[PDB]
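Engineer: my complex, first installment, coordinates as in the assembly:
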Amino acid sequence: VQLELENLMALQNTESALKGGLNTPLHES
Amino acid sequence: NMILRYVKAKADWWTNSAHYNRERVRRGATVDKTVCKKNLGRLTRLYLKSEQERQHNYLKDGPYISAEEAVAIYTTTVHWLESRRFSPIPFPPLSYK
Amino acid sequence: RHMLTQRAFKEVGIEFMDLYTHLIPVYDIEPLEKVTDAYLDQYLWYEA
């Protein structure tokens, strides 16, 4: 489950898209 | 099965009298506060009885908005707020003035 | 601390307000939560 925990923390706790910045990378689940 | 029939007869009478009394309260053919306060109770239940249906059906029927529409409106606000240079609202700082 | 660290809230009571042509739904939020929503409501509208 730790793989998907790390995956969704890149989806949840990012700053907003309107700020720009590089995307967090994700993993294939 | 016998019980269920009588519960539906009591039910139908109970809701049908809620409708009739509310038309009286709308038209003004009743000036008794207890009838109005009674009828509001019935209608509050009849609302929730249908709202519980609506909330259950949502999880059963899924998102009524398509993923197409949802990304359409999402991208539309990004293109708007980008062109407006909207700086997003920060979390209240620890020592905000 | 609430906005950072909680996402499960006490149940909201509901009531209706009896304008004779149409009922308006009325909700009572728990008092400890209203003070947080009310600050946030004030904060959101000022910043926006």
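Structural biologist: Structure received. Residues are numbered from 1 along each chain as shown, chains lettered A, B, ... in the order given.

Engineer: wait, what's in contact with residue B:66?
Structural biologist: Neighbouring residues of residue B:66 by Cβ atoms under 8 Å, 6 or more residues apart in numbering or on different chains: there are none. C-beta here means a position set from N, CA and C on the backbone, and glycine is covered the same way.

Engineer: could you rerun that using 10 Å?
Structural biologist: residue B:72 (Cβ atoms under 10 Å, 6 or more residues apart in numbering or on different chains).

Engineer: distance of it from residue B:80?
Structural biologist: Applying Cβ to Cβ, to the nearest Å, the value for residue B:66 to residue B:80 is 21 Å.

Engineer: what does chain A have sitting close to chain B?
Structural biologist: With Cβ under 10 Å from any Cβ of the partner chain as the criterion, chain A meets chain B at residues A:15-20.

Engineer: before we move on, which element is residue B:68 in?
Structural biologist: helix B:67-83 (DSSP states H and E).

Engineer: so which bits of that helix are buried?
Structural biologist: Buried residues in helix B:67-83, counted by 16 or more other Cβ atoms under 10 Å in any protein chain shown: none are found.

Engineer: nearest residue to residue C:43 in space, please, no chain neighbours.
Structural biologist: residue B:92 (6.2 Å; Cβ to Cβ, 6 or more residues apart in numbering or on different chains).

Engineer: name the element the one you found belongs to?
Structural biologist: Using DSSP H and E, no helix or strand contains residue B:92.

Engineer: that one: how many residues sit nearby?
Structural biologist: Residue B:92 has 12 neighbours, counted by other Cβ atoms under 10 Å in any protein chain shown.

Engineer: distance of it from residue B:22?
Structural biologist: 46 Å.

Engineer: again with residue B:74
Structural biologist: Residue B:74 is 41 Å from residue B:22, by Cβ to Cβ.

Engineer: same check on residue A:17?
Structural biologist: With Cβ to Cβ as the criterion, residue A:17 and residue B:22 are 48 Å apart.

Engineer: neighbour-wise, which of those two wins?
Structural biologist: residue B:22 (20 against 15).

Engineer: does that one touch residue B:39 like I think?
Structural biologist: Yes. Counting by Cβ atoms under 10 Å, residue B:39 is a contact partner of residue B:22 at 5.8 Å.

Engineer: now for those two: what residues contact both?
Structural biologist: Joint contacts of residue B:22 and residue B:39 (Cβ under 10 Å, 6+ apart) are residue B:30.

Engineer: the following sequence is to be added as chain D:
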Amino acid sequence: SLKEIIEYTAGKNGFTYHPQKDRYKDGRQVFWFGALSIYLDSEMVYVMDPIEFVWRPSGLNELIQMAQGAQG
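Structural biologist: Following on from the chains above, chain D is added here:
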């Protein structure tokens, strides 16, 4: 209005259009329209045809065509 339209329509088609001498249907005056018998009311047109020799409603376009057949 429909009365003057039918006269105008007969006129551009070269059909005869004039009242029958004291012929009536339902008390309203019966007209010649080429070989056809016509009466008007309520922005509608009525006709007799030799399929039945009685009165039916009609639309102006096929009325022209029916007379265009009957004139031949």
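
Engineer: repeat for the neighbour count of residue B:92, accounting for chain D.
Structural biologist: 12.

Engineer: ok, now which ones touch it?
Structural biologist: Per Cβ under 10 Å, 6+ apart, neighbours of residue B:92: C:3, C:39-40, C:43, C:47.

Engineer: how near is it to residue C:29?
Structural biologist: 20 Å.

Engineer: quick one: buried residues of the longest helix belonging to chain B?
Structural biologist: The longest helix of chain B (DSSP state H) is helix B:33-61. Residues of helix B:33-61 classed as buried: B:36, B:39-40, B:42-44 (neighbour count, 16+ other Cβ under 10 Å).

Engineer: now stretch A:6-21
Structural biologist: For stretch A:6-21, using 16+ other Cβ under 10 Å, no residue counts as buried.

Engineer: quick one: terminal-to-terminal distance for that stretch?
Structural biologist: 19 Å (Cα to Cα, to the nearest Å).

Engineer: give me the contact list for the helix or strand hosting residue D:61.
Structural biologist: Per DSSP H and E: residue D:61 is located in helix D:60-71. Residues outside helix D:60-71 that contact it (Cβ under 10 Å, 6+ apart) are D:2, D:5-6, D:9-10, D:12-17, D:32-36, D:38, D:45-47, D:49-50, D:58-59.

Engineer: and if you look at stretch C:4-21?
Structural biologist: B:22, B:24-28, B:30, B:33, B:36-37, B:39-41, B:43-44, B:47-48, B:51, B:91, C:2, C:22-30, C:32-33, C:36-37.

Engineer: ends of that stretch, what's the gap?
Structural biologist: 42 Å.

Engineer: going by neighbour count, list what's buried in it.
Structural biologist: C:16, C:18.

Engineer: break down chain A into its helices, ranges please.
Structural biologist: A:2-9.

Engineer: so who does residue 18 touch?
Structural biologist: Picking chain A for this. Taking Cβ under 10 Å, 6+ apart as the test, what residue A:18 contacts is B:77-78, B:81-82, B:84-88.

Engineer: I was after chain D.
Structural biologist: Applying Cβ under 10 Å, 6+ apart, the residues near residue D:18 are D:7, D:10, D:31-33.

Engineer: same check on residue D:19?
Structural biologist: By Cβ under 10 Å, 6+ apart, residue D:19 lies in contact with D:29-32, D:38-39.

Engineer: please redo it, this time with the cut-off set to 7 Å
Structural biologist: Contact criterion Cβ atoms under 7 Å, 6 or more residues apart in numbering or on different chains gives D:29, D:31 as the residues in contact with residue D:19.

Engineer: now for chain E, put it on the one above:
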Amino acid sequence: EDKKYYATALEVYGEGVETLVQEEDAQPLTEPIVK
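Structural biologist: Chain E goes in next, on the same frame as the chains above:
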């Protein structure tokens, strides 16, 4: 979303029988079963 919850197979017998829904009266209350 409002549309329906209920069966058609009963309406398939409604191909063979006069199903009627009749929420209004063919004559007014003053029309008095002609005396």
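
Engineer: with chain E now part of the structure, what is the answer for the contacts of residue D:18?
Structural biologist: D:31-32.

Engineer: so it belongs to a helix, correct?
Structural biologist: No. Counting by DSSP: H, G, I helix; E, B strand; the rest coil, residue D:18 falls outside a helix, being strand.

Engineer: quick check: beta-bridge partners of it?
Structural biologist: residue D:32 (DSSP bridges).

Engineer: how close does it get to chain B?
Structural biologist: According to Cβ to the nearest Cβ, to the nearest Å, residue D:18 and chain B sit 63 Å apart.

Engineer: what about residue D:45, which SS state?
Structural biologist: strand.

Engineer: what parts of chain E come near chain A?
Structural biologist: Residues of chain E lying near chain A by Cβ under 7 Å from any Cβ of the partner chain: none.

Engineer: okay, now residue D:55: neighbour count?
Structural biologist: 16.

Engineer: pretty sure it contacts residue D:46?
Structural biologist: Yes. The pair residue D:55 / residue D:46 is scored as a contact, 5.1 Å apart, by Cβ atoms under 7 Å.

Engineer: helices or strands up against the helix holding residue B:68?
Structural biologist: Under the contact criterion of 3 or more Cβ pairs under 7 Å, 6 or more residues apart in numbering or on different chains; DSSP states H and E, helix B:67-83 touches no helix or strand at all.

Engineer: how far off centre is that helix?
Structural biologist: In this view, helix B:67-83 has its centroid 26 Å away from the chain centroid, taken as Cα atoms, centre = their mean, to the nearest Å.

Engineer: residues touching it, excluding its own?
Structural biologist: A:17-18.

Engineer: with stretch D:43-51 instead?
Structural biologist: Against stretch D:43-51 from outside (Cβ under 7 Å, 6+ apart): D:2, D:6, D:36-39, D:54-58, D:60, D:63, D:66.

Engineer: one step back: just the CA trace of the helix holding residue B:68, in PDB.
Structural biologist: Provided in PDB are the C-alpha atoms of helix B:67-83 (Å, rounded to 0.1, in the frame of the first residue of the first chain):
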ATOM      1  CA  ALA B  67     -15.800  13.300 -16.800                       C
ATOM      2  CA  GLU B  68     -15.900  15.100 -20.100                       C
ATOM      3  CA  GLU B  69     -18.100  18.000 -18.700                       C
ATOM      4  CA  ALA B  70     -16.100  18.100 -15.400                       C
ATOM      5  CA  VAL B  71     -12.800  18.600 -17.200                       C
ATOM      6  CA  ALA B  72     -14.400  21.100 -19.500                       C
ATOM      7  CA  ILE B  73     -15.600  23.300 -16.700                       C
ATOM      8  CA  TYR B  74     -12.300  22.700 -14.800                       C
ATOM      9  CA  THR B  75     -10.100  23.800 -17.700                       C
ATOM     10  CA  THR B  76     -12.400  26.700 -18.400                       C
ATOM     11  CA  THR B  77     -11.800  28.200 -14.900                       C
ATOM     12  CA  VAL B  78      -8.100  27.600 -15.200                       C
ATOM     13  CA  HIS B  79      -8.000  29.500 -18.500                       C
ATOM     14  CA  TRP B  80     -10.100  32.300 -16.900                       C
ATOM     15  CA  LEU B  81      -8.200  32.600 -13.600                       C
ATOM     16  CA  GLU B  82      -4.900  32.300 -15.500                       C
ATOM     17  CA  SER B  83      -5.900  35.200 -17.700                       C
END
